[PDB]
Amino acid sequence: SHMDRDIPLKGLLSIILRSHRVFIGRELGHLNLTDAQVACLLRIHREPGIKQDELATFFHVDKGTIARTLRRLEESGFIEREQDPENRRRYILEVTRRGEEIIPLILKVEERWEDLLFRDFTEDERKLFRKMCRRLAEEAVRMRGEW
């Protein structure tokens, strides 16, 4: 019934992220959206003009994988993909008017997911966990840079 105190950090993070992928599917699956697509959408939303290959590098996924996810968003009309004028083989990405309209819907699902996850967490604990997460995300980025 209870969880092993054995599981390494990565395992627990995987469990948490696991439920988020499931939550996204159930809450936005009918809009033909997946966690990966949502990930790309938000990332592009926060940085219009970002290149497909840069998105590939950020998520550390291969070309085909990123292309397939980006292809579904474009098909849904949420993003537009254009050839980079300075390099015809690169693709500049942008969230469309339509895509910007669902961003809010996505943020609400994230908010609800977070409230559900921090059910047993006090206000102080939650803000502290978040603060710790940021510090660690910052460390992970340093690590990618170290190697």
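Residue numbers here begin at 1 and follow the sequence given.
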* Asked: Looking only at CA atoms, which has the higher mean B factor in the entry: 45-53 or 82-90?
  -> 82-90
* On average, which has the higher Cα B-factor in the deposited entry, 94-102 or 63-71? -> 63-71
* To do: Could you look up the Cα B-factor of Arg135 in the entry and say which third of the chain it sits in: lowest, middle or highest?
  => middle
* Lowest, middle or highest third: where is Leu12 by Cα B-factor in its chain? -> lowest
* To do: Among all modelled residues of this chain, ranked by Cα B factor, put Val22 in the bottom, middle or top third, i.e. lowest, middle or highest.
  => middle
* Structure fact -> In terms of its chain's C-alpha B-factors, the third that includes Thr122 is the highest
* Just say lowest, middle or highest third for the CA B-factor of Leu116 relative to the other modelled residues in its chain. => highest
